[PDB]
There are 4 protein chains.
Amino acid sequence: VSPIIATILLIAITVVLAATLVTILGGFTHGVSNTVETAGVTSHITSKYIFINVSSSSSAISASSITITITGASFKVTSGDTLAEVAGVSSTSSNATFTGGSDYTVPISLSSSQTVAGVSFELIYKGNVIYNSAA
Amino acid sequence: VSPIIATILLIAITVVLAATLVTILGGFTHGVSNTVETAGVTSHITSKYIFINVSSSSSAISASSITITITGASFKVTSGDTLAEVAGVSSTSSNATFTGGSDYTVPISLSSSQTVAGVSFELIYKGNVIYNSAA
Amino acid sequence: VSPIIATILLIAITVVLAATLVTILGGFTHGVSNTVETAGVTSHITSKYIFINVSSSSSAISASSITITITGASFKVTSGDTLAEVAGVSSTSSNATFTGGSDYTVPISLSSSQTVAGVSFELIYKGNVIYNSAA
Amino acid sequence: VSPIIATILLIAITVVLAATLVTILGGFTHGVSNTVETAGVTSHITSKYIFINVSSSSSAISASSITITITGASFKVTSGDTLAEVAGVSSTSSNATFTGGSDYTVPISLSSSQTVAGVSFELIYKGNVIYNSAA
Ligand SMILES: *[C@@H]1O[C@H](CO)[C@H](O)[C@H](O[C@@H]2O[C@H](CO)[C@@H](O[C@@H]3O[C@H](CS(=O)(=O)O)[C@H](O)[C@H](O[C@H]4O[C@H](CO[C@H]5O[C@H](CO)[C@@H](O)[C@H](O)[C@@H]5O)[C@@H](O)[C@H](O[C@H]5O[C@H](CO)[C@@H](O)[C@H](O)[C@@H]5O)[C@@H]4O)[C@H]3O[C@@H]3O[C@H]([C@H](O)CO)[C@H](O)[C@H](O)[C@H]3O)[C@H](O)[C@H]2O)[C@H]1O
Ligand SMILES: *[C@@H]1O[C@H](CO)[C@H](O)[C@H](O[C@@H]2O[C@H](CO)[C@@H](O[C@@H]3O[C@H](CS(=O)(=O)O)[C@H](O)[C@H](O[C@H]4O[C@H](CO[C@H]5O[C@H](CO)[C@@H](O)[C@H](O)[C@@H]5O)[C@@H](O)[C@H](O[C@H]5O[C@H](CO)[C@@H](O)[C@H](O)[C@@H]5O)[C@@H]4O)[C@H]3O[C@@H]3O[C@H]([C@H](O)CO)[C@H](O)[C@H](O)[C@H]3O)[C@H](O)[C@H]2O)[C@H]1O
Ligand SMILES: *[C@@H]1O[C@H](CO)[C@H](O)[C@H](O[C@@H]2O[C@H](CO)[C@@H](O[C@@H]3O[C@H](CS(=O)(=O)O)[C@H](O)[C@H](O[C@H]4O[C@H](CO[C@H]5O[C@H](CO)[C@@H](O)[C@H](O)[C@@H]5O)[C@@H](O)[C@H](O[C@H]5O[C@H](CO)[C@@H](O)[C@H](O)[C@@H]5O)[C@@H]4O)[C@H]3O[C@@H]3O[C@H]([C@H](O)CO)[C@H](O)[C@H](O)[C@H]3O)[C@H](O)[C@H]2O)[C@H]1O
Ligand SMILES: *[C@@H]1O[C@H](CO)[C@H](O)[C@H](O[C@@H]2O[C@H](CO)[C@@H](O[C@@H]3O[C@H](CS(=O)(=O)O)[C@H](O)[C@H](O[C@H]4O[C@H](CO[C@H]5O[C@H](CO)[C@@H](O)[C@H](O)[C@@H]5O)[C@@H](O)[C@H](O[C@H]5O[C@H](CO)[C@@H](O)[C@H](O)[C@@H]5O)[C@@H]4O)[C@H]3O[C@@H]3O[C@H]([C@H](O)CO)[C@H](O)[C@H](O)[C@H]3O)[C@H](O)[C@H]2O)[C@H]1O
């Protein structure tokens, strides 16, 4: 009798270990994707505007998917921080897509202590910095 | 009579062995998880401040989850040693999340014998070193 | 008596499981081989002929092992689709081996609607495309 | 009586099988180690001498741990075949360690039929070839 019953108990234990292992593996098999992007970007800064002109990019991406951050100044548009939003890009505009041939104008404001030589900005896509004016 | 009674005793013993084995296995089936993280980090050190600028990361993580340690100097903030805490990160601040585009300034103090060339620091997340200024 | 007999039955069952497992593994341990090839190839297309000139290759291979496919035109030789066959390569010919210094001429025919600008072709070896005129 | 006695016999058999298995495993769990080495080496050969100049190495190793073999010629030193030995390296010599900046001169002899164009040699460390003059 007993060697067969002991075998049935060990099969029952084996299934629970396998089910446990499957939940451990689930912590590895997610959140990996191709996030690399690369663009030819040029820029000019003034007391009122930042100009951004794109010459080429690795892929064509929406101007709403790009986040812009700034230091030494402030945006004149206050709703948020996507490139499409601060640049005033309408959905019909040519500049709705970030690719070679797209140009943007961002309006900015300086305090009494701030100066043009102190201003810099960065463009971020999928958590990677794709441009930095102070490089 | 006796061969059946001996069989009943062996079943009773078998259950206690199986119950014992289950408690042995419990020492293996815990504390395994995916703790790997990887970031593009750059840094500059001065007699008053450490600057830390992040360009990309493997995942988006809270600045309170990262621990910072220092040698050759001391922090001007004394409450603890999380990155959010020593850098003075408010909960509304852009720099509340550690990702590309996040920048931090940490204020520090040197003794009469300490010098800038002697200072170094490390960032630790889930018990792994993710950055070391002296690498 | 019975604990020994139960043990003999469990050995008999164990052998059949092991024999079963061996037949499962046989579905993995076949059909893996090094099929990569790479060649410097140049080509010119006309209303009557395709010219193919080889400058180098990763290995020396038989012209009968290479398959050619065409669109926008048709071959003047109708027996099949190996490179040796459609190019009229005799077994004594220098061009029997695909390597640097081997040249081939393939004769072709166009319909009333087909034109030279529409023609393209590919070379295939061991199920991989090694050249494509429209790349 | 008998089901308990049969159980005691099966425990005695189980221990001998486990002890047998332990001796099988001992044939796998030995003789695995990191034996890889890699060096920038340059060499020049003449009718009387081989010159060997080292520019870099993966690790710093003793010149007595390296074995040299030769064809088309013979060594003027006859005691053995370690690099330190045939090159006449004293224990105080700079060239006692194989690293960037170490240079060696090995004296050789040719027969009436042998010629400089026929000579070649190899350096061997832990059973791997680390340099071969005829590569
Ligand atoms: C992506 O693609 C899109 C689409 O192609 C854009 O090209 C985007 O780049 C943006 O382009 C816009 C348009 O040029 C830029 O916005 C302008 O900034 C200029 C200053 S500039 O020096 O001339 O170059 C102007 O301020 C312009 O606005 C005009 O409108 C102002 C407000 O007028 C509005 O309201 C009145 C009622 O009060 C209405 O009657 C009127 O119809 C209009 O709706 C005027 O004040 C302004 O006059 C003066 O402006 C400046 C001083 O600020 C001065 O320098 C000028 O010489 C001029 O004398 C001018 O007439 C801005 O355009 C937007 O206009 C809207 C308005 O709602 C109409 O849509 C807003 O009200 C803002 O005024 C402004 O956003 C933008 O900066 C670029 O990013 C590409 O990136
Ligand atoms: C993450 O994101 C967050 C949010 O964006 C941060 O950006 C963080 O980086 C931190 O930024 C802060 C803010 O800049 C840094 O803190 C400052 O260090 C500077 C020195 S610096 O050379 O100017 O760059 C200043 O010390 C600044 O403080 C100011 O406040 C001091 C104290 O004033 C306070 O108390 C008085 C009453 O005594 C109040 O009236 C006043 O309103 C204020 O509450 C001033 O002494 C100081 O003057 C002088 O300071 C230095 C000398 O130390 C000198 O170099 C300057 O030129 C100036 O003459 C200045 O006015 C610091 O900011 C914090 O201020 C708080 C205060 O409670 C207000 O919140 C503290 O009291 C500390 O003073 C200080 O923490 C910080 O180092 C960065 O980590 C990103 O990582
Ligand atoms: C790999 O290596 C091999 C070996 O080196 C090859 O080099 C291969 O490349 C191939 O080369 C051959 C040989 O050049 C190419 O085939 C020829 O195409 C030309 C046209 S071209 O403009 O001159 O360049 C010719 O058509 C040539 O054929 C000749 O033969 C024709 C038929 O004659 C045969 O039959 C008669 C009986 O009717 C016999 O008397 C005769 O001896 C022969 O057996 C002739 O019609 C032809 O005359 C005219 O041809 C063309 C018009 O089509 C015209 O442009 C010419 O100016 C000329 O006036 C010419 O005399 C082709 O060669 C092959 O010949 C065989 C024949 O059986 C002998 O072997 C076939 O009958 C075909 O005619 C033809 O396949 C080939 O295209 C290349 O792939 C390398 O890749
Ligand atoms: C690692 O690091 C070590 C330490 O730095 C070495 O540098 C090693 O490289 C070796 O260097 C040695 C030293 O240079 C090389 O050995 C020499 O080969 C030269 C030939 S060469 O063309 O000049 O370059 C010499 O043969 C030299 O020997 C001299 O000694 C000979 C023997 O003299 C000995 O015995 C007499 C008694 O008979 C004593 O009086 C004397 O003091 C000495 O002990 C001489 O014959 C020789 O004269 C002529 O030699 C050659 C012809 O063979 C000729 O070309 C010359 O122009 C010269 O006229 C010369 O004076 C070799 O050095 C070693 O000397 C020992 C001796 O015991 C002293 O230690 C041996 O007897 C051998 O003679 C010889 O091994 C070696 O080849 C390099 O590997 C780095 O790899």
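Computed over heavy atoms, backbone and side chain alike; hydrogens, waters and symmetry mates excluded. Each ligand, and each atom within it, is numbered from 1 in the order the structure gives. Each chain gets a letter, A, B and so on, in the order its sequence line appears, and its residues count up from 1.
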### Task
Kindly indicate whether the side chain of B:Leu83, heavy atoms from C-beta on, has any atom under 4.5 Å from the side chain of B:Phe98.
yes
### Summary
When distances are taken from atom 10 (C) of ligand 3, the protein heavy atom at minimum range is C:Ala87 O, 4.0 Å
### Message
Looking at D:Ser93 and D:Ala96, would you say the former's side chain and the latter's main chain have a donor-acceptor pair under 3.5 Å?
### Response
no
#### Entry: Closer than 4.0 Å: a protein non-hydrogen atom to atom 67 (C) of ligand 3
no
#### Entry: Sub-4.0 Å protein heavy atom next to atom 80 (O) of ligand 3
yes
### Query
Has D:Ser90 got any heavy atom lying under 4.0 angstrom from an atom of ligand 4?
no
#### Entry: Within-cutoff protein neighbour (heavy atom, under 4.0 Å) for atom 72 (O) of ligand 3
no
### Message
With rounding to the nearest 0.5 angstrom, report the CD1 to CD1 distance, D:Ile66 to D:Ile130.
### Response
5.0 Å
#### Entry: Flag: protein heavy atom within less than 4.0 Å of atom 22 (O) of ligand 3
yes
### Query
Nearest protein heavy atom to atom 12 (C) of ligand 4: under 4.0 Å?
no
### Summary
atom 5 (O) of ligand 4: closest protein heavy atom, distance to 0.1 Å, is D:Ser93 OG, 3.6 Å
### Task
Measure from atom 2 (O) of ligand 4 to the protein's non-hydrogen atoms and state whether any distance is below 4.0 Å.
yes
### Query
Where the side chain of C:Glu85 meets the backbone of C:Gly80, is there a donor-acceptor pair that is under 3.5 Å apart?
yes
### Message
Looking at atom 43 (C) of ligand 3, tell me if a protein heavy atom falls under 4.0 Å from it.
### Response
no
### Message
If the cut-off is 4.0 Å to any non-hydrogen atom of C:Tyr104, which atoms of ligand 3 fall inside it?
### Response
82 (O)
### Task
Decide yes or no for C:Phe51 and C:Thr46: does some side-chain heavy atom of the first lie under 4.5 Å from some side-chain heavy atom of the second?
yes
### Message
Looking at atom 46 (O) of ligand 1, tell me if a protein heavy atom falls under 4.0 Å from it.
### Response
no
### Query
Between A:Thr35 and A:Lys126, is there a donor-acceptor pair closer than 3.5 Å when you use the side chain of the first and the backbone of the second?
no
### Task
With heavy atoms under 4.0 Å as the rule, classify the contact between D:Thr105 and ligand 4 as side chain, backbone, both or neither.
both
### Query
Does the side chain of B:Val54 reach to within under 4.5 Å of the side chain of B:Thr42, using non-hydrogen atoms?
no
### Task
Using a distance threshold of 4.0 Å (strictly less than), state whether atom 33 (O) of ligand 4 has a protein heavy-atom neighbour.
no
#### Entry: Residue pair C:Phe121, C:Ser43: steps toward the side-chain contact (heavy atoms from CB on, under 4.5 Å) verdict
CA-CA 10 Å; C:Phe121 75 97; C:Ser43 184; 3.4 Å; yes
### Query
Would a distance-only check, ignoring hydrogens and angles, find a side-chain to backbone donor-acceptor pair under 3.5 Å from B:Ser102 to B:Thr97?
yes
### Task
Return yes when at least one protein heavy atom is under 4.0 Å from atom 18 (O) of ligand 1, and no when none is.
yes
### Task
Over all heavy atoms of both residues, which pair between C:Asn95 and C:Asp103 is shortest? Give the atoms and the distance, please.
ND2-O, 3.4 Å
### Which of the ligand 3 atoms, numbered from 1, are nearer than 4.0 Å to a heavy atom of C:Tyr49
18 (O), 19 (C), 20 (C), 21 (S), 22 (O), 24 (O)
### Message
Distance under 4.0 Å to a non-hydrogen atom of A:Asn95: what atoms of ligand 1 satisfy this?
### Response
1 (C), 2 (O), 3 (C), 8 (C), 81 (C), 82 (O)
### Task
Give a yes or no on whether atom 75 (C) of ligand 1 lies under 4.0 Å from any heavy atom of the protein.
no
### Query
Can you check whether C:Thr67's main-chain N or O pairs, donor with acceptor, with C:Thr82's side chain at less than 3.5 Å?
no
### Query
Per the side chain to side chain donor-acceptor pair (under 3.5 Å) rule, which among A:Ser59, A:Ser58, A:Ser57, A:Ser65 passes with A:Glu37?
A:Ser59
### Message
Protein heavy atoms near atom 62 (C) of ligand 3, is at least one of them under 4.0 angstrom away?
### Response
no
### Task
Using protein heavy atoms only, decide if any is under 4.0 Å from atom 8 (C) of ligand 3.
yes
### Query
Which value, rounded to the nearest 0.5 Å, describes the distance between A:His44 atom NE2 and A:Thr105 atom OG1?
11.0 Å
### Query
Does atom 49 (C) of ligand 4 have a protein heavy-atom neighbour under 4.0 Å away?
no
### Task
Verify the contact flag for atom 53 (O) of ligand 3, where contact means a protein heavy atom under 4.0 Å away.
no
